[PDB]
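Okay, so here's the structure we're looking at.
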Ligand SMILES: Nc1ncnc2c1ncn2[C@@H]1O[C@H](COP(=O)(O)OP(=O)(O)O)[C@@H](O)[C@H]1O
Ligand SMILES: [Mg+2]
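Chains as they are written, first to last, in the entry's author numbering: chain Z, 20 to 77; chain Y, 463 to 539; chain F, 6 to 531.
Okay, structure coming up:
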């Protein structure tokens with residue numbers, strides 16, 4: 020109302036950083052959803068290659 | 463909208479048609495990739511168990527309520 | 006600085022003006038770091054590690070945070086040490102002790118700037134804490150005569166403890182589990198008798214306390230999978246090649262048929278021992294070690310259940326639940342007492358299969374199943390529930406309680422204020438600073454919720470001075486209220502430990518005037 024000034028901005032920034040980071044992951048796997056979605060290829064550092072559509076595996 | 467996008471359709475047009483058709487009667491209306499539009503779903507023999515939808519929703523809201531409690535990040539050993 | 010050098014290379018010294026500067030900077034630094042996690046509306050922090058392989062945890066506890074932080078200021082290590090000890094003592098109030106111990110030093114630096122000798126402050130505070138603890142004792146209310154009234158107090162204490170944690174989403178559900186679990190111990194403070202099993206999957210509200218017991222082991226092959234009206238023999242002995250004959254003997258024969266004779270004598274030894282076990286008339290057998298595949302079939306032919314590799318914890322818990330005896334040497338069947346449960350079966354939770362004991366005889370131990378969505382929720386739920394179980398166990402040991410929500414702090418802060426008005430000298434100033442520190446704790450709770458802390462605290466100060474010794478804050482609406490009506494209740498032992506420990510650390514730090522560091526060791530890893 021008239022007072023209760025919030026002098027700390029760190030909580031407001033960390034929340035907005037979490038919103039952006041969490042949203043990014045959902046946009047990453049949005050393609051692999053549906054009967055007409057496609058797969059992905061994951062190449063490990065060892066050299067292993069996997070081709071998958073499973074969302075937990077990606 | 464995501465299913466209507468991956469199939470090369472107009473997402474705005476499809477979802478607007480879907481919400482219209484669910485508000486005046488039938489509830490089984492859904493996206494039909496084979497036909498390319500919106501039609502009755504049970505005629506296409508596409509179903510799924512109830513536990514999949516309920517569990518997906520319940521686990522999602524529990525996590526989001528957990529995220530909003532966070533306030534700070536620090537580095538430890 | 007004297008021109009002559011007295012210290013080796015790398016060693017450093019700090020003195021009065023610089024020493025007291027560093028010690029105060031460290032203390033308020035740790036105090037302000039954890040103030041955000043205090044009260045019914047505090048938030049949680051994230052701890053991620055650069056060294057321990059990027060481990061990640063989300064917590065609200067004030068002691069877990071201070072253990073993982075890598076502090077290096079000498080004065081900050083004193084504050085961390087009190088918080089760890091407090092957790093191992095009563096299990097709650099880790100956040101309140103460090104904030105209070107830091108707010109005392111914040112007021113102490115201002116007093117030094119007014120040219121008062123440090124020894125004067127300490128002698129002043131020593132009188133303030135004595136009158137503060139005595140006033141708290143006169144506020145204690147002691148129940149225990151009436152079961153119905155005592156049952157209510159346990160629900161009130163557990164309800165208050167769970168407020169600041171993640172369990173506040175389901176406080177009603179989780180209050181019943183915590184209270185009923187502690188009533189099973191029948192007054193024995195063996196908290197290890199409660200096994201909290203946490204496995205991932207499902208909602209957080211699916212957690213419950215099992216009416217019997219659960220074991221995460223597997224039975225032998227080709228043995229009955231379920232038994233009704235079971236008799237249990239609990240043993241701690243060797244059965245996988247039990248022939249560890251302690252001596253240093255050896256076999257020396259001049260043929261091969263002699264070896265095949267001695268080999269057959271080995272199986273006769275194991276067979277004879279099994280018969281002496283079956284003489285007890287049992288139908289369920291539990292062992293804390295492995296079971297070889299030969300004695301396995303002996304039970305499989307006799308229609309018995311054999312559980313193997315249930316470690317010391319897994320055996321001692323079963324003894325309390327069913328009342329049997331952990332026996333060995335199996336030579337006198339009359340002197341050994343067996344257990345009794347109504348039914349044993351196999352149940353599936355999530356994916357795994359666990360052994361279910363139902364209708365047990367004693368039940369002086371229990372198991373709790375926790376469910377959730379993420380490993381962070383499961384860890385937080387288990388750690389939060391540890392606070393509730395411990396503080397309840399202290400209440401049963403000493404059943405006298407003190408009101409909370411800021412009602413307790415304002416009462417003691419007034420008692421010191423009355424004393425400071427009769428004492429002449431500079432000691433009067435120090436005692437007043439003690440009251441300023443105690444009253445900060447109710448203020449900090451109001452700040453985190455977004456309320457006018459100054460107005461609310463001002464009303465409390467007037468209410469406690471005019472004799473309304475049960476006034477205190479109400480979080481759900483941001484006004485004042487009665488605790489006898491609402492039911493915010495703490496433990497007398499917990500508040501006493503918070504007060505005494507906090508006042509001591511500000512004493513030991515304040516007497517220091519010189520800081521000396523030896524030259525550190527250099528990192529030359531293996
Ligand atoms: N419902 C409530 N109303 C008012 N005060 C509460 C309520 N629940 C908890 N508190 C207060 O919150 C304070 C801090 O407790 P907590 O958040 O667990 O931190 P600590 O680790 O110091 O116990 C306690 O002094 C208690 O009186
Ligand atoms: Mg607490």
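Built from N, CA and C at the ideal position, the CB exists for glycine as well.
Checklist entry - Can you find a C-beta in chain Z that's less than 9 angstroms from the C-beta of residue 456/F? => result Within the third chain, the letter at position 451 stands for residue 456/F. Interface residue, yes.
Item to check | 3-residue-minimum beta strand (DSSP E) runs that sit fully inside the segment 183 to 231 of chain F, ordered along the chain | outcome: 199 to 203, 218 to 220
Item to check | Supposed contact pair residue 16/F and residue 523/F - C-beta distance, whole angstroms, cut 8 angstroms | outcome: In the third chain, residue 523/F corresponds to position 518, counting from 1. In the third chain, residue 16/F corresponds to position 11, counting from 1. The Cβ separation is near 6 angstroms, so the contact holds.
Checklist entry - Do residue 315/F and residue 323/F have their C-beta atoms closer together than 9 angstroms? => result Stepping through the third chain from its first residue, residue 315/F is reached at position 310. Stepping through the third chain from its first residue, residue 323/F is reached at position 318. Closer than 9 angstroms, so yes.
Next on the checklist: For the structure I just gave you, are there three or more beta carbon pairs, one from the segment 508 to 519 of chain F and one from the segment 103 to 121 of chain F, closer than 8 angstroms?
Outcome noted: yes
Next on the checklist: What does the alpha-carbon distance come out to for the pair residue 253/F and residue 270/F?
Outcome noted: Translated into positions along the third chain, residue 253/F becomes position 248. Translated into positions along the third chain, residue 270/F becomes position 265. If you take the alpha carbons of residue 253/F and residue 270/F, they lie about 19 angstroms apart.
Next on the checklist: Assess contact between the segment 345 to 354 of chain F and the segment 230 to 248 of chain F, defined as three or more Cβ pairs (one per stretch) separated by less than 8 angstroms. Is contact present?
Outcome noted: yes
Item to check | Beta-carbon spacing of residue 63/F, residue 50/F below 9 angstroms | outcome: In the third chain, residue 63/F corresponds to position 58, counting from 1. In the third chain, residue 50/F corresponds to position 45, counting from 1. In contact: residue 63/F and residue 50/F (Cβ atoms closer than 9 angstroms).
Next on the checklist: Do residue 417/F and residue 137/F count as a contact pair if the criterion is CB distance below 9 angstroms?
Outcome noted: Indexing the third chain from 1 puts residue 137/F at position 132. Indexing the third chain from 1 puts residue 417/F at position 412. Contact flag set, yes.
Next on the checklist: What I want to know is whether the C-beta of residue 412/Y ends up closer than 8 angstroms to one or more non-hydrogen atoms of ligand 1.
Outcome noted: Because residue 412/Y is not part of the residues shown, which for chain Y are 463 to 539, the question remains open.
Next on the checklist: Considering just the uninterrupted stretch of the beta strand (DSSP E) at residue 17/F, what are its terminal residues?
Outcome noted: Residue 17/F sits at position 12 when you count from the first residue of the third chain. Start and end: 17 to 19.
Checklist entry - Taking DSSP as the reference, what is the three-state secondary structure of residue 22/F? => result Within the third chain, residue 22/F is the residue found at index 17, counting from 1. In the structure shown, residue 22/F sits in a helix (DSSP, three-state: H, G or I).
Checklist entry - residue 37/Z to residue 317/F, Cα distance in whole Å? => result The residue given as residue 37/Z occupies position 18 in the first chain. The residue given as residue 317/F occupies position 312 in the third chain. Going from the Cα of residue 37/Z to the Cα of residue 317/F covers about 44 angstroms.
Next on the checklist: Can you list, in chain order, the residues of its chain with a C-beta nearer than 6 angstroms to that of residue 492/Y? Leave out the 5 residues immediately preceding and following it.
Outcome noted: As a first step, residue 492/Y is located in the second chain; it is residue number 30 there, counting from the start. Excluding positions up to five away in sequence, the list reads 503.
Checklist entry - Taking the alpha helix (DSSP H) that residue 91/F falls in, what are its first and last residues? => result Translated into the one-based positions of the third chain, residue 91/F becomes position 86. Per DSSP, residue 91/F belongs to the alpha helix (DSSP H) from 79 to 94.
Next on the checklist: Please list, in chain order, the chain Z residues whose beta carbon lies closer than 9 angstroms to that of residue 500/Y.
Outcome noted: Taking the first residue of the second chain as position 1, residue 500/Y is located at position 38. By Cβ distance, chain Z contributes nothing, its closest Cβ being about 15 angstroms from residue 500/Y, past 9 angstroms.
Next on the checklist: Under 9 angstroms, Cβ to Cβ, is there at least one residue of chain Y near residue 74/Z?
Outcome noted: Taking the first chain and counting its residues from 1, one reaches residue 74/Z at position 55. Not an interface residue.
Item to check | First and last residue of the uninterrupted alpha helix (DSSP H) at residue 506/Y | outcome: Position 44 of the second chain, counted from the first residue, corresponds to residue 506/Y. No alpha helix (DSSP H) holds residue 506/Y; DSSP gives it neither H nor E.
Next on the checklist: If distances are taken between C-alpha atoms only, which option among 19/F, 20/F, 28/F comes closest to residue 514/F?
Outcome noted: Indexing the third chain from 1 puts residue 514/F at position 509. It is 28/F.
Next on the checklist: Under 8 angstroms: do the segment 150 to 158 of chain F and the segment 449 to 466 of chain F share three or more Cβ pairs, one atom per stretch?
Outcome noted: no
Checklist entry - Do residue 49/F and ligand 4 come close, with the Cβ less than 8 angstroms from some heavy atom? => result Summarising the ligand content, the structure contains ligand 1 and ligand 2 and does not contain ligand 4.
Checklist entry - Just how far apart, CA to CA, sit residue 479/Y and residue 374/F? => result Residue mapping note: residue 479/Y aligns to position 17 of the second chain, counting from 1. Residue mapping note: residue 374/F aligns to position 369 of the third chain, counting from 1. When rounded, the distance between both Cα atoms is 46 angstroms.
Checklist entry - Which residues, taken in chain order from the segment 22 to 52 of chain Z, show a beta carbon closer than 8 angstroms to some beta carbon of chain F? => result 22, 23, 30
Checklist entry - Taking one C-beta from the segment 200 to 213 of chain F and one from the segment 255 to 263 of chain F each time, how about it: are there three or more such pairs within less than 8 angstroms? => result no
Next on the checklist: I'd like to know if residue 28/F contacts chain Y, where contact means its C-beta is closer than 9 angstroms to some C-beta of that chain.
Outcome noted: The residue you call residue 28/F lines up with position 23 of the third chain. Not an interface residue.
Checklist entry - Name the residues in the segment 490 to 519 of chain Y whose C-beta lies less than 7 angstroms from a C-beta of chain Z; which are they? => result 495
Checklist entry - Along the chain, where does the alpha helix (DSSP H) that runs through residue 38/Z open and close? => result Taking the first residue of the first chain as position 1, residue 38/Z is located at position 19. Residue 38/Z -> alpha helix (DSSP H) spans 29 to 47.
Next on the checklist: For ligand 1, I want to know if residue 409/F counts as a neighbour, meaning its beta carbon is within less than 8 angstroms of at least one of the ligand's heavy atoms.
Outcome noted: Position 404 of the third chain, counted from the first residue, corresponds to residue 409/F. True, at least one ligand heavy atom lies under 8 angstroms from that Cβ.
Item to check | As assigned by DSSP and simplified to three states, the class of residue 361/F | outcome: In the third chain, residue 361/F corresponds to position 356, counting from 1. Strand.
Item to check | Cβ of residue 536/Y within 9 angstroms of any chain F Cβ | outcome: Position 74 of the second chain, counted from the first residue, corresponds to residue 536/Y. Chain F contact via Cβ: present.
Checklist entry - If residue 8/F sits next to residue 516/F, beta carbons under 8 angstroms apart, how far is it from one beta carbon to the other, in whole angstroms? => result Translated into the one-based positions of the third chain, residue 8/F becomes position 3. Translated into the one-based positions of the third chain, residue 516/F becomes position 511. Their Cβ separation, rounded to whole angstroms, is 31 angstroms, which puts residue 8/F and residue 516/F out of contact at 8 angstroms.
Checklist entry - What is the DSSP secondary structure of residue 405/F, counted as helix, strand or coil? => result In the third chain, residue 405/F corresponds to position 400, counting from 1. The answer is strand: DSSP assigns residue 405/F an E or B state.
Checklist entry - Is it buried or exposed for residue 361/F, if we count other Cβ within 10 angstroms and need 16 for buried? => result As a working note, residue 361/F is residue 356 in the third chain. Classification for residue 361/F: buried.
Checklist entry - Which class does residue 290/F belong to by DSSP, given the choice of helix, strand or coil? => result Sequence index remark: in the third chain, residue 290/F carries index 285 (1-based). DSSP places residue 290/F in strand when its eight states are reduced to three.
Checklist entry - Per DSSP, residue 501/Y is paired with what? => result For this step, residue 501/Y is matched to residue 39 along the second chain. Answer is 492/Y.
Next on the checklist: Let's see if you can read the secondary structure: which residues bound the beta strand (DSSP E) around residue 344/F?
Outcome noted: Position 339 of the third chain, counted from the start, is the residue given in the question as residue 344/F. Residue 344/F -> beta strand (DSSP E) spans 344 to 354.
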